[PDB]
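Have a look at upload_8.cif; it's mmCIF, C-alpha atoms:
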```cif
data_my_file
#
loop_
_atom_site.label_atom_id
_atom_site.label_comp_id
_atom_site.auth_asym_id
_atom_site.auth_seq_id
_atom_site.Cartn_x
_atom_site.Cartn_y
_atom_site.Cartn_z
CA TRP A 67 51.29 -46.81 14.57
CA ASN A 68 55.07 -47.36 15.53
CA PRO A 69 57.63 -50.12 16.85
CA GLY A 70 57.25 -48.90 20.49
CA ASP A 71 53.43 -48.91 20.80
CA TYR A 72 53.75 -52.18 18.68
CA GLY A 73 55.67 -54.08 21.51
CA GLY A 74 55.06 -57.89 21.34
CA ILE A 75 51.62 -58.62 19.60
CA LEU A 76 51.85 -59.48 15.77
CA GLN B 1 53.99 -48.64 47.26
CA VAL B 2 54.17 -47.66 43.48
CA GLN B 3 52.67 -44.06 43.08
CA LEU B 4 52.53 -42.28 39.60
CA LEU B 5 52.26 -38.45 40.34
CA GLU B 6 51.56 -36.59 36.97
CA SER B 7 52.13 -32.81 37.66
CA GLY B 8 50.10 -29.93 36.02
CA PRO B 9 49.33 -26.14 36.83
CA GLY B 10 45.39 -26.04 36.85
CA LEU B 11 45.20 -23.12 34.29
CA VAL B 12 47.63 -22.57 31.27
CA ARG B 13 47.53 -19.97 28.36
CA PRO B 14 47.10 -21.13 24.59
CA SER B 15 50.01 -20.70 22.01
CA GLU B 16 52.96 -21.58 24.48
CA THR B 17 54.22 -25.04 25.94
CA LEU B 18 52.98 -27.43 28.78
CA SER B 19 55.60 -29.83 30.44
CA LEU B 20 53.41 -32.60 32.12
CA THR B 21 55.84 -34.28 34.66
CA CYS B 22 55.20 -37.90 35.95
CA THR B 23 57.28 -38.23 39.22
CA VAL B 24 57.04 -42.04 39.99
CA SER B 25 57.62 -43.14 43.69
CA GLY B 26 58.37 -46.93 43.12
CA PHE B 27 59.86 -48.13 39.73
CA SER B 28 62.90 -47.23 37.47
CA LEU B 29 61.63 -45.75 34.09
CA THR B 30 63.12 -48.32 31.52
CA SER B 31 61.25 -51.30 33.30
CA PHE B 32 57.39 -50.62 33.16
CA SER B 33 57.01 -48.08 30.21
CA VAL B 34 54.74 -44.96 30.84
CA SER B 35 51.71 -44.43 28.47
CA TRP B 36 50.07 -40.91 28.30
CA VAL B 37 46.20 -40.48 27.88
CA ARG B 38 44.09 -37.19 27.77
CA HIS B 39 40.30 -37.20 28.70
CA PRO B 40 38.89 -33.58 27.84
CA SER B 41 35.93 -31.69 29.52
CA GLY B 42 32.90 -33.23 27.65
CA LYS B 43 34.75 -35.26 24.85
CA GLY B 44 36.45 -38.68 25.77
CA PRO B 45 39.84 -40.67 26.00
CA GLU B 46 42.58 -39.95 23.35
CA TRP B 47 45.91 -41.94 23.63
CA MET B 48 48.72 -39.27 23.18
CA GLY B 49 51.94 -41.49 23.21
CA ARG B 50 54.32 -44.08 24.86
CA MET B 51 58.15 -43.87 25.51
CA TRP B 52 59.02 -47.65 25.49
CA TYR B 53 61.52 -49.96 27.44
CA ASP B 54 64.93 -49.12 25.71
CA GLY B 55 64.02 -45.56 24.34
CA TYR B 56 61.40 -45.03 21.53
CA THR B 57 58.69 -42.23 21.66
CA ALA B 58 55.60 -43.67 19.75
CA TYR B 59 52.75 -41.10 19.06
CA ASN B 60 49.17 -40.28 17.84
CA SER B 61 48.73 -39.31 14.07
CA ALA B 62 46.79 -36.04 15.01
CA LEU B 63 49.06 -35.14 18.10
CA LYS B 64 52.47 -35.99 16.40
CA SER B 65 55.04 -33.02 16.07
CA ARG B 66 53.52 -31.13 19.15
CA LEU B 67 54.67 -33.89 21.68
CA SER B 68 58.34 -34.20 22.98
CA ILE B 69 59.04 -36.88 25.76
CA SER B 70 62.36 -36.35 27.63
CA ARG B 71 62.94 -38.55 30.81
CA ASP B 72 65.30 -38.31 33.90
CA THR B 73 65.74 -42.02 35.05
CA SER B 74 67.87 -41.04 38.21
CA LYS B 75 65.16 -38.51 39.53
CA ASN B 76 62.17 -40.89 38.46
CA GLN B 77 60.54 -38.19 36.10
CA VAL B 78 58.83 -38.63 32.59
CA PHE B 79 58.44 -35.09 30.96
CA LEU B 80 55.69 -34.82 28.19
CA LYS B 81 56.47 -31.35 26.59
CA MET B 82 53.24 -30.29 24.67
CA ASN B 83 54.20 -27.41 22.20
CA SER B 84 51.72 -24.99 20.36
CA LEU B 85 48.74 -25.05 22.86
CA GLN B 86 45.10 -25.04 21.44
CA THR B 87 41.87 -23.56 23.11
CA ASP B 88 39.87 -26.94 23.18
CA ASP B 89 42.65 -28.87 25.24
CA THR B 90 40.90 -28.48 28.74
CA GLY B 91 41.12 -32.01 30.38
CA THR B 92 42.16 -34.62 32.99
CA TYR B 93 45.68 -35.81 31.86
CA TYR B 94 46.73 -39.44 32.85
CA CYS B 95 50.12 -41.33 33.04
CA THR B 96 49.79 -45.21 33.00
CA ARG B 97 52.32 -47.97 34.09
CA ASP B 98 52.81 -51.24 32.06
CA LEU B 99 51.97 -54.86 33.25
CA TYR B 100 55.16 -56.31 31.48
CA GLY B 101 58.58 -55.03 32.85
CA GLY B 102 61.21 -55.13 29.99
CA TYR B 103 60.01 -58.47 28.37
CA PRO B 104 57.56 -57.97 25.25
CA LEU B 105 56.20 -61.52 24.33
CA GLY B 106 52.29 -61.70 24.22
CA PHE B 107 51.72 -58.11 25.45
CA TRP B 108 49.51 -57.80 28.68
CA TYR B 109 49.34 -53.87 28.50
CA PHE B 110 48.48 -51.57 31.52
CA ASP B 111 47.92 -51.63 35.39
CA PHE B 112 48.59 -48.41 37.50
CA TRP B 113 46.83 -45.29 36.05
CA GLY B 114 47.85 -42.08 38.01
CA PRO B 115 45.09 -39.65 39.45
CA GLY B 116 44.46 -37.39 36.30
CA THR B 117 45.85 -33.76 36.43
CA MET B 118 42.97 -31.30 35.50
CA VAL B 119 44.72 -28.62 33.27
CA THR B 120 42.55 -25.87 31.58
CA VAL B 121 44.37 -25.00 28.24
CA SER B 122 41.80 -22.13 27.59
CA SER B 123 42.07 -18.32 28.44
CA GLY B 124 38.31 -17.79 29.34
CA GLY B 125 36.13 -20.80 28.25
CA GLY B 126 36.97 -24.50 29.09
CA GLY B 127 34.02 -26.67 27.82
CA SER B 128 30.41 -26.32 29.22
CA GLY B 129 28.94 -24.05 32.03
CA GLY B 130 26.53 -21.22 33.13
CA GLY B 131 24.74 -20.62 36.51
CA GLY B 132 22.81 -23.54 38.16
CA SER B 133 21.26 -24.73 34.83
CA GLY B 134 24.60 -24.93 32.84
CA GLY B 135 26.74 -28.08 32.10
CA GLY B 136 26.42 -30.94 29.49
CA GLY B 137 28.34 -32.27 26.39
CA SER B 138 29.73 -35.68 25.09
CA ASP B 139 30.41 -36.42 21.29
CA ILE B 140 32.97 -39.17 20.16
CA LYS B 141 33.34 -41.30 16.90
CA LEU B 142 34.18 -45.10 17.50
CA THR B 143 30.82 -47.04 17.28
CA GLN B 144 30.02 -48.94 20.60
CA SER B 145 26.33 -50.17 20.54
CA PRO B 146 24.42 -49.44 22.88
CA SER B 147 26.56 -46.58 24.46
CA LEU B 148 23.39 -44.89 26.01
CA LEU B 149 21.45 -47.81 27.74
CA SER B 150 18.78 -48.62 30.49
CA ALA B 151 19.80 -51.89 32.40
CA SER B 152 18.85 -52.72 36.10
CA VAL B 153 20.57 -55.02 38.77
CA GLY B 154 20.24 -58.66 37.39
CA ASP B 155 19.69 -57.70 33.64
CA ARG B 156 22.11 -59.12 30.93
CA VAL B 157 23.24 -56.41 28.33
CA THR B 158 25.78 -56.76 25.36
CA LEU B 159 28.05 -53.84 24.14
CA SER B 160 28.94 -54.38 20.38
CA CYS B 161 32.19 -52.45 19.47
CA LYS B 162 32.35 -51.96 15.63
CA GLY B 163 35.84 -50.49 14.72
CA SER B 164 36.34 -47.63 12.14
CA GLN B 165 39.32 -49.64 10.63
CA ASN B 166 39.86 -53.50 11.06
CA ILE B 167 41.37 -54.76 14.44
CA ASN B 168 41.99 -58.66 13.85
CA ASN B 169 41.84 -59.74 17.62
CA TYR B 170 43.67 -56.88 19.49
CA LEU B 171 41.34 -55.06 21.99
CA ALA B 172 41.62 -54.25 25.80
CA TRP B 173 38.24 -53.45 27.55
CA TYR B 174 38.71 -50.58 30.16
CA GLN B 175 35.99 -50.06 32.92
CA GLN B 176 35.80 -46.35 34.12
CA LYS B 177 33.40 -46.06 37.17
CA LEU B 178 31.97 -42.64 38.42
CA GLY B 179 34.97 -40.84 40.14
CA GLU B 180 37.65 -43.41 38.88
CA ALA B 181 40.57 -43.85 36.36
CA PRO B 182 39.87 -46.52 33.46
CA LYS B 183 40.55 -50.08 34.94
CA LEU B 184 41.90 -52.98 32.67
CA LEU B 185 39.10 -55.67 32.61
CA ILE B 186 39.86 -58.15 29.65
CA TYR B 187 43.01 -58.03 27.30
CA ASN B 188 43.48 -59.45 23.67
CA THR B 189 39.61 -59.62 23.16
CA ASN B 190 39.10 -62.80 25.40
CA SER B 191 41.90 -63.14 28.09
CA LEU B 192 40.84 -61.99 31.66
CA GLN B 193 43.11 -59.97 34.11
CA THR B 194 44.49 -62.19 37.04
CA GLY B 195 41.96 -61.33 39.85
CA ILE B 196 38.50 -60.99 38.09
CA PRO B 197 36.16 -64.20 37.72
CA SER B 198 34.45 -65.38 34.41
CA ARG B 199 31.53 -62.80 34.34
CA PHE B 200 32.30 -59.90 31.80
CA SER B 201 32.73 -61.87 28.45
CA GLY B 202 34.47 -59.87 25.60
CA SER B 203 33.91 -62.03 22.42
CA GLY B 204 34.69 -61.39 18.66
CA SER B 205 37.07 -61.29 15.62
CA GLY B 206 38.01 -58.82 12.77
CA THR B 207 35.88 -55.60 13.18
CA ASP B 208 32.82 -56.34 15.58
CA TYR B 209 33.51 -57.22 19.31
CA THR B 210 30.80 -58.14 21.95
CA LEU B 211 31.19 -57.35 25.77
CA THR B 212 28.28 -59.24 27.52
CA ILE B 213 27.67 -57.87 31.09
CA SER B 214 26.13 -61.21 32.43
CA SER B 215 25.34 -60.92 36.27
CA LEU B 216 24.80 -57.10 36.63
CA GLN B 217 25.76 -55.98 40.24
CA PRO B 218 26.03 -52.16 41.40
CA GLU B 219 29.83 -52.08 40.44
CA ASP B 220 28.80 -52.92 36.74
CA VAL B 221 27.19 -49.34 36.19
CA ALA B 222 30.35 -48.00 34.34
CA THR B 223 31.93 -46.67 31.03
CA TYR B 224 33.55 -49.62 29.04
CA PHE B 225 36.22 -48.22 26.55
CA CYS B 226 37.64 -50.34 23.61
CA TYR B 227 41.49 -49.80 23.33
CA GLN B 228 42.25 -51.11 19.77
CA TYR B 229 46.00 -51.99 19.13
CA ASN B 230 46.43 -53.02 15.39
CA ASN B 231 46.05 -50.01 12.90
CA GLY B 232 46.08 -46.87 15.17
CA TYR B 233 46.12 -46.91 19.03
CA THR B 234 42.68 -45.37 20.03
CA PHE B 235 40.31 -45.71 23.06
CA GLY B 236 36.67 -45.69 21.69
CA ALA B 237 33.28 -44.28 22.91
CA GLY B 238 32.29 -46.43 26.03
CA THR B 239 28.93 -46.50 27.96
CA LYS B 240 26.71 -43.91 29.88
CA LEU B 241 23.31 -44.05 31.80
CA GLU B 242 20.68 -41.41 30.62
CA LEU B 243 18.77 -39.79 33.63
CA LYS B 244 15.08 -39.11 32.47
CA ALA B 245 13.94 -36.81 35.43
CA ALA B 246 16.97 -34.37 35.05
CA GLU B 247 18.45 -31.45 32.91
CA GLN B 248 19.37 -33.48 29.70
CA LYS B 249 21.87 -31.05 27.96
CA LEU B 250 24.08 -32.20 24.94
CA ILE B 251 26.50 -29.45 23.59
CA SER B 252 28.25 -30.89 20.41
CA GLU B 253 32.00 -31.15 21.43
CA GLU B 254 33.58 -33.12 18.45
CA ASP B 255 36.24 -35.82 19.38
CA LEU B 256 37.61 -37.86 16.34
CA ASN B 257 38.71 -41.30 17.81
#
```
Could you render the structure as structure tokens?
Amino acid sequence: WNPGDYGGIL
Amino acid sequence: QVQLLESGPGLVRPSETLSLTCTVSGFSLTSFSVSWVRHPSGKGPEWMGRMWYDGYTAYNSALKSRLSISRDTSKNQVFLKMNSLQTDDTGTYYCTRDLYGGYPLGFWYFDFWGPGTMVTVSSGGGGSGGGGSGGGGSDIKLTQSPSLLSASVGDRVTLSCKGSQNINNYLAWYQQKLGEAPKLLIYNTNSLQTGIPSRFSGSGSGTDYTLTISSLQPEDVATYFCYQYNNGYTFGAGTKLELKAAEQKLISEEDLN
């Protein structure tokens, strides 16, 4: 969903 | 000691607002970011949101403008303010600490789940009940095959997680035992948590992902949830044992994850 839950993965 | 105490009243009335308060005896709040997860009475695990390391509140597409996270970093308190309360929200509400503290690169995810605060958001109802013969319901969407199974001590069994939208490689397998919070078993499809030997093998790419339970000991009788982190952020269906000589009741309580 958002930069936040998306932390350091892709 | 690091102790995550998520606070809740037991019973609350629909329409108003619930402030779920995680008082953390151990860490300062900007270091190991708190993730919030609801498991309702006969439904399954929905991820609600995460307030991250600097200060960003990321949220679920269904539970979006209801949820307001404030936080007091001097008193050690994360406040999830849930506005406009609905009659089906009876559940055990969890707050979960991160494995990485401040640094993002190659994200390891989650370690300390708090005890689960049981809050009934329902003025006369809850989920399933009666009088002796009364209690049974479990209906969730994300296809894990086989979820209902019959394996004994020694028997090898493979759980195939097919995702509703495509995942690439980004899946954490969470083992919930009977009376326990969901434990992190294998992160990023195939990378094991520091502690567990090479025995539960999570293997796959794109949409279909295979957890082989190889040497099945008494600790392996558990519910294995797929946390997909690519499109949405959802925990899927898991695993349950069907008891043949028992009251087999299934009331249709619809959870869309």
Pick out the chain A residues within 7 Å of chain B. Count only C-alpha atoms. Give them as a PyMOL selection string. chain A and resi 67-68+70-71+73-75
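The interatomic distance for the pair CA of residue 81 (chain B) and CA of residue 66 (chain B) works out to 8.0 Å.
The space between CA of residue 126 (chain B) and CA of residue 234 (chain B) spans 23.5 Å.
Distances to residue 21 (chain B) were evaluated for B:101, B:116, B:130, B:146 using all atoms listed in the file, and the minimum falls at B:116.
Counting only C-alpha atoms, residue 37 (chain B) has the following residues at most 9 Å away, ignoring those fewer than 6 positions along the same chain: residues 45, 46, 47, 48, 49, 92, 93, 94, 95 and 96 of chain B.
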Please evaluate the PyMOL selection byres ((chain B and resi 67-78) around 7) against the structure above and give the resulting residues as a ChimeraX atom specification. /B:21-24,28-29,57,63-66,79-83
Taking into account only C-alpha atoms, which residue in the set B:195, B:40, B:102, B:218 is nearest to residue 137 (chain B)? B:40
